[PDB]
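Read top to bottom, the protein sequences are chains A, B, C and D.
Here the first sequence stands for residues 861 to 1058, where the numbers follow the authors' numbering.
Here the second sequence stands for residues 712 to 827, 845 to 1147, where the numbers follow the authors' numbering.
Here the third sequence stands for residues 712 to 760, where the numbers follow the authors' numbering.
Here the fourth sequence stands for residues 613 to 620, 641 to 676, 690 to 711, where the numbers follow the authors' numbering.
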Amino acid sequence: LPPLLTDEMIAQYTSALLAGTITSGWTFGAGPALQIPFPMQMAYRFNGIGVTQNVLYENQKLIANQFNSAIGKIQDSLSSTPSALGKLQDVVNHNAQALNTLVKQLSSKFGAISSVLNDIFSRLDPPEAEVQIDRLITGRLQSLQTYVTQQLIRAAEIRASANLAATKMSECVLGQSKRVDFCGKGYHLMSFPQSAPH
Amino acid sequence: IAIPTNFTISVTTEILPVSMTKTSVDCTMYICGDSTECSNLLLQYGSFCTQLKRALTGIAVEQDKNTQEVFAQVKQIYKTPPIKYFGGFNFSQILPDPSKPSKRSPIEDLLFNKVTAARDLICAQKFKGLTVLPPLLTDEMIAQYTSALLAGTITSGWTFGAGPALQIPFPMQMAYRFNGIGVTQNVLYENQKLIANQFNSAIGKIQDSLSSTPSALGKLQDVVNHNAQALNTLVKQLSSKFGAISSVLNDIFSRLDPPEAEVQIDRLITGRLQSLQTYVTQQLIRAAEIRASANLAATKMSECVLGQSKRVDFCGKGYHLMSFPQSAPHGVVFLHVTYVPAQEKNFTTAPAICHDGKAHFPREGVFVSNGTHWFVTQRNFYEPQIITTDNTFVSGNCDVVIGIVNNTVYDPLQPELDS
Amino acid sequence: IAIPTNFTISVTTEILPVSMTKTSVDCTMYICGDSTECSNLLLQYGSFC
Amino acid sequence: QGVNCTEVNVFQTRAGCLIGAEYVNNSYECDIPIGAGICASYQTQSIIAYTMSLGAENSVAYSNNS
Ligand SMILES: *[C@@H]1O[C@H](CO)[C@@H](O[C@@H]2O[C@H](CO)[C@@H](O)[C@H](O)[C@H]2NC(C)=O)[C@H](O)[C@H]1NC(C)=O
Ligand SMILES: *[C@@H]1O[C@H](CO)[C@@H](O[C@@H]2O[C@H](CO)[C@@H](O)[C@H](O)[C@H]2NC(C)=O)[C@H](O)[C@H]1NC(C)=O
Ligand SMILES: *[C@@H]1O[C@H](CO)[C@@H](O[C@@H]2O[C@H](CO)[C@@H](O)[C@H](O)[C@H]2NC(C)=O)[C@H](O)[C@H]1NC(C)=O
Ligand SMILES: *[C@@H]1O[C@H](CO)[C@@H](O[C@@H]2O[C@H](CO)[C@@H](O)[C@H](O)[C@H]2NC(C)=O)[C@H](O)[C@H]1NC(C)=O
Ligand SMILES: *[C@@H]1O[C@H](CO)[C@@H](O[C@@H]2O[C@H](CO)[C@@H](O)[C@H](O)[C@H]2NC(C)=O)[C@H](O)[C@H]1NC(C)=O
Ligand SMILES: *[C@@H]1O[C@H](CO)[C@@H](O[C@@H]2O[C@H](CO)[C@@H](O)[C@H](O)[C@H]2NC(C)=O)[C@H](O)[C@H]1NC(C)=O
Ligand SMILES: *[C@@H]1O[C@H](CO)[C@@H](O)[C@H](O)[C@H]1NC(C)=O
Ligand SMILES: *[C@@H]1O[C@H](CO)[C@@H](O)[C@H](O)[C@H]1NC(C)=O
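Rendered as C-alpha cells:
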C-alpha cells in the first residue's frame, strides 16, 4: 500500500521548520512567531550555554567561517562512507527478506507427496485428497501466522524508534536543550532536520 | 524585533492508559469441559499448561506493578484546609466533592460516566473457563492518592516532592513559577486578578469541552475493545472442526469406534492448544505495549506534577506553569496549565550602545527604540526602562561590534554629587 | 585549575528510522490459488482471515 | 477464587472466599496481596486479613502570610 504523505509534503514540512527556526528562533514553537536578527539569536543561545554576549559579537566572522566550513565538510563526509545509512537499509532488507521467505514457503511439501493441487485432484481419489489438502492448509496457515507475529514485533520496534525521533525533533529543534549528549556531543547550540526515505 | 505586550493562561488535557484487564484461563474445562477421555489423553501431551499459567500470572502481577508505580508516589496523605481561599484562584472544580458518597471530584465523575432475563457477555465468557481477577487497588484508593497529590501541590508547591513539605502562600508560588519561566514577579503582583479570572475561565472551558464531546477518550475504549475482541475470538474458536468430522465431541465418541475417535481427539487437542498459545502470545505483546505507556505516564507524573519542566512540548503547549492529575478507568488524565504571549509589536534594536567611546551591552534584557528614544526591556514582556549603568555592562571600544548606535548612558550618581 | 581560551563549532549527524512498508495479503489467493474446490473446502475450516 | 462459599473461619471477599484467616479492623502496610483492597499477614502466631493503609496522615498549616 502507498503512504498517505508524499515526499513533496514531507519536504514542505521540513522547509517550513527550517524557515521558522531560522527567522524566528524558538518562539514559533510556543505561540505566535516573533522575528529577530540571527546574530542576536546566536547571542541568546551563547548566553544560554553560559557564555556572555560580547564573545559572539567580537568574533562573528570566525564563528560564521567555522560554521560554513563544517557545513561544507559534512556533505563530503556523507558521500564516502556507505555505512552511515545502515539502519534504513537494514529495515528495507529485513522486510524484503521476510516477504521472500513467505513467498518461497509455498513449494514445501509439508509431509505430503506434492505441492500442486491440480495433480492431487485429477490423479488421486477425494478421500485421500481430504487429508492432503488438510496438511497443506495447516502448513500455510502456520506460515501466515508466523509472518503476522514477526510483523507485529517489528512494528512495535519501529513505533518505539519513531517516538524517540519525535521527542528529539520536539526538544532539540523547536528549542534549546540542557540534557547531556541528547542532541549531539558537546554544548548544544541548535539543530536542523532533513528527510530521508523512511 | 517583535515584543509581546500581553499574555494568556491556557489549560490542556492529556489522556494516558496505565493498566489492562487481568485474566486467567482453565485449560482442561476449556479444551473439553467434562469429558473424562480428554482428561486422560491430554496428560500424554506433557505439560503445556505450566508456562501458560506462568505467563498469565506474570501479566497479572505486572498490571498491579504498573498501577502502583504510576500512582503511589507520596509517603504521606495531605489534606486541604477547611477554608478554600487561595488568593482568588478557584480549585473547587477538581478537589474532592464531600457530598457524594464516592468522594470524587466534579470531573472524575464525568470521566467515569463517559467510559462504559438474558445473559451478560461476562457470564457467558466465564462459563468457558476464562475468569477475570480483580485489581489490587480499589478506585477509592486511587482517588485518595490523587486527592493527596492535589492537596500537596496546592499547599506546598514542589517542596513536598523532595523532602519535608513546606507551606507557602499560593501567590508567592505563582510568582516563583513566573520567575522560573523568565518573567519577573511584579507582572504577577500587578495582574493577579486578570490571571485568576483567566484561570477560572479556562477551567470552565475544559469542563464544557469534556462534557459536550464524547469521543475524547478513544485510547481507553480501544484497549477495552481489543481485549473484548481477543476474548470473543477465543470463545468463537471452540465451534470449528479443526479437520475432524464434528466439533462436538460426545457425538465423536458415540458415533464411531475408539480408534478413529483417537485421531479426531488428537486433532482437536492440537488445534485448541495452538489457539491458546497464539492468544497468550498476543496478550504478551499487548502487555509490553501497555507497560511502555505506563512508564511514560509515570515519568510525566514525576516531572510535570511534582516540579516545573523546561523540556519543550513535554508538559503541554507553551511555557509550562503547572499540572494537575485526575484518575480514569485504567488510565490517567493530566491538566497542564501553561503561559502564552499575545499582542506583539514591532521595534528596532541594536546589539550595543557606543557611549563615551565605550561599548555597552545589556545585562539581562534587550535594547529597543520607539522611533525616537532607546530603552532596555525584558525579553518576554514589554517593560521599557531608561538605560543606566545599573543594568548594563561595558567591554571594549565601539569600533568592533557591527551595527552599534551611539545614544548616551545615564549615571544615577552624578545628580547626587551636584546636590 | 585549567581554563579554555578558544572554541570550535561542530556539526554532527544522526539518522533515525520513522516508518515501515505497509503490506496486505489475501487468504484464498495465497493458500488455494485458482482452484474453487479448495476454496469451498477451506471456507469450512475457520475465519483466520 | 470468585466462589460464594455459602455453596463451597470463613470470609466472603470480592475475590471469592478466604478460609483460615481471621478478619481484623486495624490497618497496616500490605504484606501479602489478596485483592480488592484486602491483604493478609502472619502476626500476633496467627494469620490475619485486613484492609490496606495508604501511608500515614498529615495536614499542612496553610495561611495567607506564613
Ligand atoms: C490583555 O488581555 C486582557 C484580556 O483580553 C485585557 O483585559 C480586558 O480589558 C478590557 C478593557 O479594555 C475589558 O473590557 C475585558 O473584560 C478584559 N478582559 C478580561 C478577561 O477581563 C487586557 O486589557 C489586555 N492588556 C492590555 C495591556 O491591553
Ligand atoms: C468556584 O467555581 C464554582 C463552580 O464553577 C462556583 O460554584 C457556583 O456557585 C454558584 C453560586 O453563586 C452557583 O450558582 C453555580 O451553579 C456554581 N457552579 C456550578 C458549576 O454548579 C463557585 O461559586 C466558584 N467560587 C467559589 C469561591 O467557590
Ligand atoms: C517614545 O517614548 C518616550 C518616553 O516613553 C516619549 O517621550 C515622551 O512622550 C510624551 C508624549 O505623550 C511627551 O509628553 C514627553 O514630553 C516625552 N518625553 C520626552 C523626554 O521627550 C516619546 O514621545 C515616544 N515616542 C513616540 C511615541 O513616538
Ligand atoms: C557616534 O558618534 C561618534 C562621535 O560623535 C562618531 O564618530 C565620528 O565618526 C566620524 C566619521 O564616521 C569621524 O569623522 C569623527 O572623527 C568621529 N568622531 C569621534 C569623536 O570619534 C560616530 O560615527 C557615531 N556613530 C555613527 C554610527 O555614526
Ligand atoms: C582560535 O581558533 C581559530 C580557528 O580554529 C584560529 O583562527 C585561525 O587563525 C590563524 C592564525 O591567525 C589563521 O591562519 C587561520 O586562517 C584562522 N582560522 C580560520 C578558520 O579563520 C584562531 O587563531 C585561534 N585563536 C584565537 C585567539 O582566536
Ligand atoms: C486570608 O484571607 C481571606 C480573604 O479575606 C480570609 O477569608 C475571609 O474570612 C472572613 C472571616 O471568616 C470572611 O468574612 C471573608 O468573607 C473571607 N474572605 C472571602 C473572600 O470570602 C481568611 O480568613 C484569611 N485567613 C487568615 C488566616 O488570615
Ligand atoms: C512589522 O512590520 C512588518 C513590515 O511590513 C509588518 O508586515 C508587520 O505587520 C509589523 N508587525 C505587526 C505586529 O504589525
Ligand atoms: C452469596 O450467597 C448468599 C446466599 O444465597 C447471598 O445472600 C449473598 O448475596 C451471595 N453473595 C454473593 C457475592 O454472591
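For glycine and all other residues, C-beta sits at the position ideal for the given N, C-alpha and C.
At least one heavy atom of ligand 6 is found less than 7 Å from the C-beta of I794(B). Judged by DSSP in its simplified three-state form, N709(D) adopts coil rather than helix or strand.
The beta strand (DSSP E) runs of length 3 or more contained entirely in the segment 1086-1143 of chain B are, from start to end of the chain, 1086-1090, 1094-1096, 1103-1105, 1120-1122.
CA-to-CA, the gap between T1006(B) and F759(C) works out to about 12 Å. The alpha-carbon of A924(A) is positioned some 27 Å away from that of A713(C). A Cβ-Cβ separation of about 6 Å places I726(B) in contact with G1059(B) under the 8 Å criterion.
The closest heavy atom of ligand 6 lies 7 Å or more from the beta carbon of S943(B).
If you draw a 10 Å sphere on the C-beta of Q901(B), you find 16 or more other C-beta atoms in it, and that means buried. The three-state secondary structure of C662(D), taken from DSSP, is coil. Fully enclosed beta strand (DSSP E) runs of no fewer than 3 residues are not present anywhere in the segment 860-910 of chain B.
A distance criterion of 7 Å places the beta-carbon of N616(D) beyond contact range of ligand 6, judged by its closest non-hydrogen atom. Here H954(B) carries a helix assignment [DSSP, helix/strand/coil]. Neighbours of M900(A) in chain B, taken as residues at a C-beta separation under 9 Å, are given in chain order as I712, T1077, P1079, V1094. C1043(B) sits in coil when the DSSP states are folded into three classes, being neither helix nor strand. For the C-beta of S968(B), the chain C residues within less than 9 Å are, from N- to C-terminus, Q755, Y756, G757, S758. Under the 10 Å beta carbon count, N914(A) is surrounded by 16 or more other beta carbons and is classified as buried. Relative to ligand 2, the beta carbon of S1037(B) is positioned no closer than 7 Å to any heavy atom. Pairing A1087(B) with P1112(B), the inter-Cα distance amounts to about 21 Å. Selection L1049(A), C1043(A), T874(A), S1030(A) evaluated against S1055(A) yields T874(A) as nearest (Cα-Cα). In this structure, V1129(B) has its CB at a distance of at least 7 Å from all heavy atoms of ligand 4. Put simply, the segment 1122-1135 of chain B touches the segment 1069-1086 of chain B. At least three CB pairs are less than 8 Å apart.
The shortest CA-to-CA distance from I770(B) to any of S735(B), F782(B), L754(B), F800(B) is the one to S735(B).
In the displayed model, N1074(B) falls within a strand according to three-state DSSP. Remark: the C-beta of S708(D) is in contact range of ligand 6, defined as less than 7 Å to any heavy atom. With contacts defined by Cβ atoms closer than 8 Å, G744(C) and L959(A) do not form a contacting pair.
Taking C-beta atoms as the reference points, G880(B) and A893(B) count as a pair closer than 8 Å.
Secondary structure at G798(B): coil, using DSSP grouped into helix, strand and coil. Counting C-beta atoms within 10 angstroms of its own C-beta, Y796(B) has fewer than 16 neighbours from the protein chains shown and is therefore classed as exposed. Residue-level contact check: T724(C) touches chain A, since one or more beta carbons of chain A fall below 8 Å from its beta carbon.
For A783(B), no CB of chain A lies under 8 Å from its own CB, so it is not counted at the interface with that chain. In the DSSP assignment, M1029(B) falls outside any alpha helix (DSSP H) and carries neither an H nor an E. The bridge partners DSSP lists for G946(A) come to none.
The residue among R1014(B), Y1067(B), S974(B), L864(B) with its C-alpha nearest the C-alpha of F782(B) is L864(B). For ligand 4, the residues with a Cβ under 7 Å from any of its heavy atoms are, in chain order, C1082(B), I1132(B), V1133(B), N1134(B).
Closest by C-alpha distance to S1051(B), out of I896(B), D867(B), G885(B), is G885(B). For the options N824(B), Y741(B), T791(B), the alpha carbon positioned closest to that of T859(B) is the one of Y741(B).
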